[PDB]
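The block underneath contains the structure these notes are about, expressed in structure tokens.
Numbers restart at 1 for each chain; the letters A, B, ... are given by sequence-line order, proteins then strands. All values below were derived from every heavy atom in this structure, side-chain atoms included, with hydrogens, water molecules and symmetry-related copies excluded. Ligands are counted one by one from 1 in listed order, and the atoms in each one are counted from 1 as well.
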Amino acid sequence: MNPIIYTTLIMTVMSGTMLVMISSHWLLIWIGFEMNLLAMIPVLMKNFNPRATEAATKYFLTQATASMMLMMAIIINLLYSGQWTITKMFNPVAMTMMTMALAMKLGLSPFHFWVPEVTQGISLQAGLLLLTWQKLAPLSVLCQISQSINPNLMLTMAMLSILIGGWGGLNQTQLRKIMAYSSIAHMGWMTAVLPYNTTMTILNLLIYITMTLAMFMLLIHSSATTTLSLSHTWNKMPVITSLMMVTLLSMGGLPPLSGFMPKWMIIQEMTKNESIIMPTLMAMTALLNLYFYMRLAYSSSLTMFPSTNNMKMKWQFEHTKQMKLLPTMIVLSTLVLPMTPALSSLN
Amino acid sequence: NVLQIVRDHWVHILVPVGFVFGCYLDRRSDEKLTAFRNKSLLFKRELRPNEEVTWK
Amino acid sequence: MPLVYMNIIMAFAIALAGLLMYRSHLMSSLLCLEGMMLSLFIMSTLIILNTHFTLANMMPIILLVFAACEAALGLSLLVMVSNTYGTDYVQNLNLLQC
Amino acid sequence: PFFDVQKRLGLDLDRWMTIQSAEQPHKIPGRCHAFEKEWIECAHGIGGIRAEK
Amino acid sequence: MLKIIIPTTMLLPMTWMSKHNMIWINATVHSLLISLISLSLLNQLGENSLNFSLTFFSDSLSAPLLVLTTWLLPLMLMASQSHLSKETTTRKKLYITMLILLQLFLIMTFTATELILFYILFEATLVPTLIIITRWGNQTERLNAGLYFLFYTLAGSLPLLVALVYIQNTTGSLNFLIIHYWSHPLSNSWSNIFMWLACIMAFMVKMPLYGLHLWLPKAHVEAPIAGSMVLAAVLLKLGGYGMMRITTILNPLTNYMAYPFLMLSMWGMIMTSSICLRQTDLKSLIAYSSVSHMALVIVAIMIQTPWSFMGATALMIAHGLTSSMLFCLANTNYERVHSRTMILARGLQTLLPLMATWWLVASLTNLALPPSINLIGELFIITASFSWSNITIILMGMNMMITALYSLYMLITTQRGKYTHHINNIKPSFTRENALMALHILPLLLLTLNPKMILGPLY
Amino acid sequence: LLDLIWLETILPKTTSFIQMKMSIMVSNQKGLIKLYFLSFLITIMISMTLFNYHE
Amino acid sequence: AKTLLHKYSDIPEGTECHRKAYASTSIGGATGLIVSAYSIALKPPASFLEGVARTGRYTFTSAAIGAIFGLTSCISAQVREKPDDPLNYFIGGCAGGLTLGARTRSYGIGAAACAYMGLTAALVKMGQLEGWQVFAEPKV
Amino acid sequence: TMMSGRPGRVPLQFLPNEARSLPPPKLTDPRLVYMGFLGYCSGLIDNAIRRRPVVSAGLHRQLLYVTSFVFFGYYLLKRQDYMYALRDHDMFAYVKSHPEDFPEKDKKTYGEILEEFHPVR
Amino acid sequence: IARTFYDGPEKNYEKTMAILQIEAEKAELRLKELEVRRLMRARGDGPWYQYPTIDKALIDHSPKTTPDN
Ligand SMILES: CCCCCCCCCCCCCCCCCC(=O)OC[C@H](COP(=O)([O-])OCC(O)COP(=O)([O-])OC[C@@H](COC(=O)CCCCCCCCCCCCCCCCC)OC(=O)CCCCCCCCCCCCCCCCC)OC(=O)CCCCCCCCCCCCCCCCC
Ligand SMILES: CCCCCCCCCCCCCCCCCC(=O)OC[C@H](COP(=O)([O-])OCC(O)COP(=O)([O-])OC[C@@H](COC(=O)CCCCCCCCCCCCCCCCC)OC(=O)CCCCCCCCCCCCCCCCC)OC(=O)CCCCCCCCCCCCCCCCC
Ligand SMILES: CCCCCCCCCCCCCCCCCC(=O)OC[C@H](COP(=O)([O-])OCC(O)COP(=O)([O-])OC[C@@H](COC(=O)CCCCCCCCCCCCCCCCC)OC(=O)CCCCCCCCCCCCCCCCC)OC(=O)CCCCCCCCCCCCCCCCC
Ligand SMILES: CCCCCCCCCCCCCCCCC[C@@H](O)O[C@H](CO[C@H](O)CCCCCCCCCCCCCCC)COP(=O)(O)OCC[N+](C)(C)C
Ligand SMILES: CCCCCCCCCCCCCCCCC[C@@H](O)O[C@H](CO[C@H](O)CCCCCCCCCCCCCCC)COP(=O)(O)OCC[N+](C)(C)C
Ligand SMILES: CCCCCCCC/C=C\CCCCCCCC(=O)O[C@H](COC(=O)CCCCCCC/C=C/CCCCCCCC)COP(=O)(O)OCCN
């Protein structure tokens with residue numbers, strides 16, 4: 001792809017997301033989603049192969065169906081109240097349609113199936129984009145209409161997402177599918193607190209994006225897409241594997257790391273309500289994500305796997321292009337828990 | 001002789017300086033809790049004609 | 001609510017189910033997507049015509065424009081799938097199973 | 001989530017089309033213009049929670 | 001008390017800037033200085049705590065634990081520098097960093113003044129320990145041992161976090177002083193029953209209770225020597241400290257709740273003491289000994305009498321010292337013969353006499369010989385239990401008999417008899433090992449000279 | 001009988017077995033969008049007649 | 001929907017074990033039918049008759065579990081003269097677990113289902129008595 | 001949710017004019033020192049990742065890291081303090097304007113309140 | 001030892017009272033804040049939880065080509 005065309009497509013994706021965020025009109029939000037999808041499809045197919053075509057097709061079909069449902073919900077809301085402004089969503093049937101449309105755009109269970117397949121079929125850069133930037137617009141829309149959101153449906157989908165992400169991640173050897181399942185579980189954690197406090201949702205979003213950016217940038221630095229290809233990295237880049245292990249621990253949620261803070265705040269916010277059982281189940285289920293993170297850490301940093309002879313030639317060459325902000329993302333992804341009260345600048 | 005031995009053993013002052021700094025920080029911390037100094041019902045005492053604080 | 005509104009909403013639901021159910025050819029699913037656009041256009045136009053909102057008369061035009069954008073996107077993807085496999089069968093799109 | 005750039009800059013990117021009582025071409029009125037303006041006026045400034053009841 | 005916290009954070013860069021052959025010397029010297037400094041916390045008042053700042057405080061229950069931690073770090077440094085000789089300088093500094101971070105988290109844990117900060121540090125202690133075990137262990141079971149250690153803890157400790165945030169939302173604070181002064185009785189409700197379980201089960205798992213005690217043999221056997229030392233000496237006492245702190249809110253619910261835990265503790269006392277009689281592995285024998293002693297501490301904390309609490313504090317300190325010494329003694333033989341089987345190397349008293357008397361004194365303090373602090377704590381707990389119920393003496397009595405039995409069995413098996421003929425690589429004991437044994441054992445006797453320093457706030 | 005068999009069986013081995021079974025069930029999908037969108041239709045139908053009816 | 005659960009809950013705890021058992025078996029049948037729908041959607045049976053066989057198997061197992069649970073819990077509540085007690089729900093849950101183990105023809109499944117279903121039913125009864133909310137309404 | 005819509009609020013200000021009536025955080029604030037520590041750690045990780053002498057490779061870029069983190073942290077702390085001050089102001093005003101919802105109860109002494117006693121034995 | 005290393009009991013006593021006062025004030029403030037949040041979310045009369053409504057400045061008050069609007 002031409003660099004100019006690639007830059008234009010990336011800016012069109014970003015402009016669609018910004019249009020979703022800055023619009024007070026339902027039609028303009030729909031147009032932002034459609035522009036985002038239109039520019040997003042080629043980026044997944046930047047490196048051409050049958051798997052990339054499959055991922056692009058599946059992503060397009062899922063997002064197009066979601067756009068259908070979103071427009072239908074908008075039209076029903078217009079029919080029952082001649083309002084075009086993104087607000088309380090005066091009709092409950094339209095609200096259910098909108099909730100399922102946005103959940104299927106996000107990948108929340110039971111609509112989670114598309115995410116592992118699309119993440120595995122594309123490169124690591126497109127996977128980074130898909131799992132970080134493509135979550136902002138649906139979550140922004142969900143935040144704007146959280147007053148009319150139904151707790152029973154949203155909490156059911158969030159708990160389902162946490163359970164399914166934890167379970168599906170256990171079976172995975174490929175790194176992209178592991179990241180997709182962890183993304184699903186984090187999405188569930190984000191949307192569980194949505195009807196109670198959207199500031200906690202935004203905080204979890206920012207922490208998850210920081211950790212995900214760090215992890216994808218580490219996986220791009222060490223060109224590893226499977227468990228055993230990452231098992232070789234210690235023989236060339238031990239510091240990278242150590243940083244990856246600390247980032248994985250942070251992803252798991254163990255204190256005093258940055259990852260612990262979002263769950264800690266969500267649990268506190270839910271227990272400010274009555275809501276005792278559900279946070280308990282959420283933590284006991286996040287234990288599964290911690291387990292397969294630890295499996296990755298065992299394979300990559302805490303043990304030394306056998307290497308090959310040709311690594312001696314790689315020993316003589318440096319990493320050509322260094323991605324900026326990798327150091328910053330690692331630090332923000334690990335050592336930020338003492339700055340927890342600064343979340344008050346988010347509401 | 002001083003230069004090389006100093007560049008070799010400058011690390012032995014980090015822990016004593018850390019302890020001194022910790023003592024100073026403890027002083028700064030406990031000078032912020034003087035809201036009841038010489039105001040307790042059990043230790044309320046008339047100030048001597050030369051001092052100004054019962055404890056620092 | 002009138003009865004024509006029932007008919008349009010039933011048309012939308014039928015097209016959505018038809019899209020959801022997959023038989024063999026991808027082309028038929030794109031037909032169902034375009035039918036869903038058609039139903040949404042008709043519903044929007046009827047509501048917009050009934051209560052005299054003048055400024056929303058343009059949004060069905062924009063809806064059709066972005067419908068065409070989706071149709072072109074789907075056709076390009078179908079071209080590439082057929083080039084890879086020689087048929088537009090969804091059964092072939094199973095590489096990401098493993 | 002919602003960044004109100006329009007309100008900050010006073011732009012009116014899409015607010016002209018949100019309601020039936022807002023400056024239609026040739027002053028053509030909506031079918032329920034009076035009801036909508038009454039609801040908006042009564043509703044205005046009290047917040048969403050108070051407004052429903 | 002930043003005069004202790006900041007010198008450890010200064011141990012960090014001093015280690016990371018020391019030259020390659022001076023890391024052990026610098027670490028040992030300055031850790032010993034830090035322990036000398038921390039020894040000043042033993043000047044406790046008799047009525048209230050030592051409230052340093054808004055976030056840190058100290059009473060006579062946490063001061064001996066702090067002194068034990070600060071004293072244990074140099075011992076672990078001495079014990080570690082033998083099996084890490086071939087290790088590169090960077091990973092040696094990493095190991096020392098892990099130990100220093102563990103000390104820092106422990107030091108802040110015993111003095112955190114509100115329950116959430118205590119919880120955060122309590123669980124932060126898990127990361128350095130896990131890294132140590134699963135990175136510097138020797139065998140292939142270290143991975144599974146680390147997994148057990150991590151997940152047993154987290155499964156019991158997440159409900160504690162939920163209960164803590166619920167308690168603060170209901171009462172408004174979690175500062176220990178406010179919690180104690182504003183305490184109110186718990187009603188006999190299912191909600192209260194489950195809140196009691198959520199508050200208690202994390203510390204039960206950490207003690208560990210006999211049931212959930214499986215992680216302990218795996219973790220202590222697969223860990224390197226310093227990991228075993230810190231696990232047996234300090235990390236088991238976090239649960240006891242947490243119970244002695246959290247229990248004030250729980251009463252009067254504890255009276256009808258503590259029954260299953262008391263029964264589990266006593267019968268598992270008997271069971272785990274009987275297990276040591278048939279252990280073919282030395283480290284597993286020491287681990288099960290730890291399980292039985294900590295079951296005694298659980299009984300003491302549950303029955304909640306002043307004598308119970310004094311005995312529990314004394315037993316926690318005494319067991320920390322004794323188990324650390326026993327693990328170091330076993331590791332000396334392991335480094336000699338590269339196997340943990342008890343009957344492999346026999347008759348070691350003939351070849352290593354001074355190490356044999358170290359073994360004798362360790363075994364004597366393990367089986368609670370008077371007037372050691374081990375027996376002071378055990379006897380105080382036994383008297384409290386006899387007051388609780390006169391039938392406890394039978395169970396307590398049985399345990400004493402089995403404890404003496406396996407302690408002397410271990411001593412006789414390893415030290416007496418005739419030396420195995422084939423092994424000829426038993427070198428004379430080094431000065432480092434003898435100094436390490438002496439530095440474990442001298443504090444125990446000096447402490448029985450002045451026993452009020454480890455008897456807790458109820459004294 | 002107690003430590004090496006039954007205490008192992010109840011808490012950790014049961015947990016591992018159940019989690020492994022659930023992981024195998026959840027993850028092993030055919031990869032075909034036909035089944036996925038059939039599941040989507042079932043989910044949508046359930047949501048409309050359950051959560052939605054009770055306004 | 002939840003009208004089944006209202007028809008179950010509108011019956012007093014220790015009265016009319018037949019009606020309570022009917023409501024319980026209706027709930028079980030609905031759950032098994034939903035599970036069958038998802039299983040057929042995600043794992044096709046390769047023929048129509050094998051699919052209806054799987055649907056009938058799952059639905060019958062779930063309906064039998066629900067019927068046994070409801071009948072046993074109601075009978076235990078009324079014979080013991082102790083309603084508002086989670087022990088009746090525990091007994092019903094273990095009876096349902098034994099039913100599941102018999103349906104799958106496995107002793108281990110039967111014992112595990114006994115324990116876990118009894119615990120779950122006891123917790124549900126405790127939540128009914130105390131007022132625990134699975135899906136708490138936002139109140140702050 | 002709770003603070004998203006408030007009267008007289010500029011959308012993207014990040015620091016309203018009424019925030020200048022609050023004491024600014026001191027330059028020796030421990031949170032600012034922690035932000036500077038985060039900058040130093042970022043600089044060290046940057047040195048280590050690029051295979052450079054970790055402590056001494058780039059002093060100018062490490063200084064830039066530290067000052068950038070401190071600079072962002074100062075305004076972050078200002079906004080944090082402003083939002084907490086707004087929370088307390090609103091809560092106090094709401095308590096004052098609704099007296100019947102926050103009534104001052106009668107003061108009782110421990111000599112009058114009857115607490116049940118639970119013996120430990 | 002007492003003169004060189006320690007202080008009198010008055011210092012610790014009064015520091016303890018100061019700390020206790022701070023924590024008790026924080027606890028009562030937290031409970032009050034929770035109650036205020038509950039009341040504002042229930043009623044909507046407070047500054048907090050004010051959901052947006054349609055601005056009346058958008059309404060066109062002009063003759064509408066039909067007298068009945
Ligand atoms: C506004 C929002 C709302 C929007 C949504 C609104 C939707 C409603 C409007 C829809 C209007 C329909 C107009 C066009 C639809 C397009 C159909 C299409 O394109 O077909 C493609 C699709 C692909 O076929 P193909 O690839 O060309 O041929 C290859 C073979 O088909 C496959 O090859 P094979 O032979 O090797 O495979 C083995 C065999 C295997 O065959 C089977 O295994 C099926 C046997 C299942 C037994 C059913 C249960 C029996 C007993 C239940 C009793 C109920 C309660 C009674 C009391 C309890 C009793 C104990 O075939 C299958 O695998 C087919 C399984 C899928 C069945 C149909 C999926 C529908 C939903 C899932 C139902 C699952 C049933 C479980 C129970 C559900 C709850 C009752 O065709 C089919 O799947 C076959 C059936 C299609 C004809 C009927 C379609 C109408 C269904 C529409 C929705 C259902 C009713 C909604 C009403 C809602 C109330 C208003
Ligand atoms: C925390 C500290 C430490 C605690 C942890 C350690 C302790 C707890 C864990 C250990 C025990 C729990 C294990 C659970 C059962 C495991 C079964 C299993 O894994 O399945 C796979 C395993 C093999 O898989 P498979 O391929 O499907 O079967 C092929 C067989 O190998 C081929 O077998 P077969 O063809 O030769 O014959 C099969 C058939 C024929 O049966 C036999 O072959 C032999 C008979 C075995 C059971 C029948 C009972 C006869 C002896 C009992 C006499 C009185 C005992 C003392 C009680 C009074 C105390 C004064 O079996 C039956 O029909 C028996 C039906 C069950 C009736 C028993 C009812 C007992 C309820 C408990 C009442 C008392 C509670 C205590 C209250 C005390 C209050 C002071 O199944 C079996 O072989 C076992 C079946 C027999 C069940 C034994 C369970 C009874 C023990 C008490 C359980 C209660 C503890 C837990 C409470 C909650 C449970 C509901
Ligand atoms: C709470 C209190 C404070 C604690 C805060 C947290 C800890 C501190 C901050 C952490 C971040 C800071 C540094 C991060 C980047 C450093 C990376 C590195 O490798 O360093 C190498 C570097 C030595 O390398 P070199 O000299 O260039 O030449 C040798 C080759 O480079 C040799 O290169 P190589 O290729 O041969 O290296 C291979 C090696 C390299 O692998 C590594 O080195 C591991 C990298 C560390 C991961 C950091 C991730 C982010 C930080 C998270 C920390 C988590 C803390 C929470 C607790 C959980 C623990 C995980 O990998 C392996 O061999 C595999 C071993 C697998 C072990 C798995 C465990 C690793 C994770 C543990 C992290 C725990 C914190 C460690 C902090 C220090 C570590 C250097 O270390 C240093 O020299 C820097 C140390 C600190 C410098 C401070 C000195 C300033 C001036 C001193 C005076 C102080 C003030 C004066 C005023 C007083 C008035 C007079
Ligand atoms: C491996 C080691 C694990 C650790 C072991 C921890 C043990 C935890 C057990 C906790 C003991 C107390 C819990 C229940 C309190 C009362 C006991 C029960 O019998 O209640 C009776 C009531 O009768 C029935 O038993 C009710 C409970 C029925 C349901 C419980 C069955 C659970 C089966 C045991 C499973 C094993 C536990 C481990 C799970 C993994 C008492 O009658 P009543 O005075 O009116 O009620 C008192 C409580 N009130 C006042 C709040 C209402
Ligand atoms: C690991 C931590 C991740 C942090 C993520 C990146 C950190 C740097 C953030 C970049 C700073 C620039 C962003 C904005 C600066 C000027 C723009 C200004 O207008 O923003 C206003 C205010 O600024 C931003 O809103 C707040 C950004 C502050 C981010 C830092 C908080 C991190 C959370 C706590 C973790 C501790 C981090 C410590 C430092 C590393 C917007 O007001 P408003 O239009 O009304 O908000 C609409 C959306 N709402 C109401 C739903 C919120
Ligand atoms: C090594 C493995 C150890 C695992 C042990 C983990 C379980 C610990 C025991 C239970 C922990 C969960 C308790 C929940 C948090 C407590 C909060 C609380 O008590 O508040 C109660 C809430 O109480 C509950 O909701 C409790 C619900 C329990 C659901 C979680 C199920 C966990 C499994 C239950 C049985 C197993 C527990 C014991 C097992 C011991 C380990 C073997 C009051 O809230 P309200 O709703 O407002 O009610 C009064 C106002 N009307």
(message) Checking the side chain of E:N169 only, and the main-chain atoms of A:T271 only, is there a donor and an acceptor separated by less than 3.5 Å?
(response) yes
(request) Considering heavy atoms of the protein only, find what lies nearest to atom 6 (C) of ligand 2 and give residue, atom and distance to 0.1 Å. (result) F:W6 CB, 3.8 Å
(request) Can you sort out the partners of G:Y38 under side chain to side chain donor-acceptor pair (under 3.5 Å), two or more places apart, ordered by chain and number? (result) F:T43
(request) Among all protein heavy atoms, pick the one closest to atom 40 (C) of ligand 6 and tell me residue, atom and distance. (result) E:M201 CE, 3.5 Å
(request) Nearest heavy atom to atom 1 (C) of ligand 2 wins, so pick from G:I109, E:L264, E:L212, F:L1. (result) E:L264
(request) Considering heavy atoms of the protein only, find what lies nearest to atom 2 (C) of ligand 6 and give residue, atom and distance to 0.1 Å. (result) E:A155 CB, 4.3 Å
(request) Would you check if the distance from the ring center of E:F194 to the ring center of G:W132 is below 6.0 Å? (result) yes
(message) Check this for me: does any side-chain nitrogen of one of I:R38 and I:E35 sit under 4.0 Å from a carboxylate oxygen of the other?
(response) yes
(request) With heavy atoms only and a cut-off of under 4.0 Å, state how G:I34 meets ligand 1: side chain, backbone, both or neither. (result) neither
(request) First locate atom CG of E:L154, then atom CZ of E:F149, and finally report the distance between them rounded to the nearest 0.5 Å. (result) 9.0 Å
(request) Just say parallel, tilted or perpendicular for the rings of F:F40 and A:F111, cut-offs at 30° and 60°. (result) perpendicular
(message) Among all the protein's non-hydrogen atoms, which is closest to atom 30 (C) of ligand 6, and how far away is it?
(response) A:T280 CG2, 4.6 Å
(request) Could you check A:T96 against A:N150 for side-chain hydrogen bond (donor to acceptor under 3.5 Å, both in side chains), going step by step and ending with a plain yes or no? (result) CA-CA 8 Å; A:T96 311; A:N150 187 19; 5.9 Å; no
(request) Say whether, by atom type as modelled, one donor and one acceptor occur between the side chain of G:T104 and the main chain of G:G101 under 3.5 angstrom. (result) yes
(request) Specify the protein heavy atom at minimum distance from atom 14 (C) of ligand 6: its residue, its atom name, and the distance to 0.1 Å. (result) A:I276 CG2, 4.0 Å
(request) Take E:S187 and E:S189 through the side-chain hydrogen bond (donor to acceptor under 3.5 Å, both in side chains) test and state the conclusion after the steps. (result) CA-CA 6 Å; E:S187 168; E:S189 304; 3.3 Å; yes
(request) If the plane angle is over 60° it's perpendicular, under 30° parallel, otherwise tilted; pick one for E:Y210 and E:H213. (result) parallel
(request) Keeping the roles fixed (side chain from E:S273, backbone from E:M269), state whether a donor-acceptor pair exists under 3.5 Å. (result) no
(request) Determine whether any heavy atom of G:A41 lies closer than 4.0 Å to an atom of ligand 1. (result) no
(message) Below a 4.0 angstrom heavy-atom separation, can you tell me which part of F:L11, side chain or backbone, both or neither, approaches ligand 6?
(response) neither
(message) If we set the cut-off at 4.0 Å for heavy atoms, which region of C:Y22 has an atom near ligand 1: side chain, backbone, both, or neither?
(response) backbone
(request) Decide whether an N or O pair under 3.5 Å exists between E:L212 and ligand 6. (result) no
(request) Look at the side chain of C:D88 and the backbone N and O of C:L26, then say whether any donor-acceptor pair between them is shorter than 3.5 Å. (result) yes
(request) Take atom CE of C:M27 as the centre, draw a 6.0 Å sphere, and report whether it contains more than 12 heavy atoms from other residues, nucleotides or ligands. (result) yes
(message) Measuring from non-hydrogen atoms of E:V205 to any atom of ligand 6, is the shortest distance under 4.0 Å?
(response) yes
(message) To check your reading of the model: name the closest protein heavy atom to atom 21 (C) of ligand 6, its residue, and the distance in Å.
(response) E:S191 CB, 3.9 Å
(message) Regarding ligand 1, does C:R23 bring an N or O atom to under 3.5 Å of one of the ligand's N or O atoms?
(response) yes
(request) Please check atom 9 (C) of ligand 6 for a protein heavy-atom neighbour under 4.0 Å. (result) yes
(message) With heavy-atom distances below 4.5 Å as the criterion, would you say the side chains of A:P110 and F:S39 are in contact?
(response) no
(request) State whether any protein heavy atom lies less than 4.0 Å from atom 33 (O) of ligand 2. (result) no
(message) Looking only at protein heavy atoms, which one is nearest to atom 5 (C) of ligand 2, and what is the separation?
(response) F:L7 CD2, 4.2 Å
(request) Provide, to 0.1 Å, the distance between atom 51 (N) of ligand 6 and the closest protein heavy atom, together with that atom's residue and name. (result) G:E130 O, 3.8 Å
(message) For atom 18 (C) of ligand 6, what's the nearest protein heavy-atom neighbour? Residue, atom name and distance, please.
(response) E:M195 CB, 3.7 Å
(request) Determine whether the side chain, the backbone, both or neither of F:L38 has a heavy atom under 4.0 Å from any heavy atom of ligand 1. (result) side chain
(message) Determine whether any protein heavy atom is located less than 4.0 Å from atom 27 (O) of ligand 1.
(response) yes
(message) With the threshold set strictly below 4.0 angstrom, can you tell me whether any protein non-hydrogen atom sits that near atom 34 (C) of ligand 6?
(response) yes
(request) Kindly state whether the ring of F:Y36 and the ring of C:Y22 have centres lying under 6.0 angstrom apart. (result) no
(request) Specify the protein heavy atom at minimum distance from atom 46 (O) of ligand 6: its residue, its atom name, and the distance to 0.1 Å. (result) G:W132 CD1, 3.6 Å
(request) Do me a favour and list the nearest non-hydrogen protein atom to atom 25 (P) of ligand 2 with residue, atom name and distance? (result) G:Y107 CD1, 4.4 Å
(request) May I ask you to check if ligand 2 and G:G108 share an N or O to N or O distance below 3.5 Å? (result) yes
(message) Can you report which non-hydrogen protein atom sits closest to atom 19 (O) of ligand 1, along with the distance?
(response) C:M21 CB, 3.4 Å
(message) With a cutoff of 4.0 Å, is G:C114 in contact with ligand 2, counting heavy atoms of the residue only?
(response) yes
(request) Answer with yes or no whether F:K34 contacts ligand 1, where contact means a heavy atom under 4.0 Å from a ligand atom. (result) yes
(message) Any protein heavy atom at under 4.0 Å, with atom 94 (C) of ligand 2 as the reference point?
(response) no
(message) Can you check atom 28 (C) of ligand 6: any protein non-hydrogen atom closer than 4.0 Å?
(response) no
(request) Heavy-atom distances under 4.0 Å are what count here, so tell me which part of G:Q133 touches ligand 6: side chain, backbone, both or neither. (result) neither
(message) Under the criterion side-chain hydrogen bond (donor to acceptor under 3.5 Å, both in side chains), I'd like the reasoning laid out for C:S28 against C:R23: C-alpha separation, chi angles, the key distance, then a yes or no.
(response) CA-CA 8 Å; C:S28 298; C:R23 280 201 57 198; over 6 Å; no
(request) Looking only at protein heavy atoms, identify the closest one to atom 12 (C) of ligand 1 and say how far it is in Å. (result) C:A17 CB, 4.8 Å
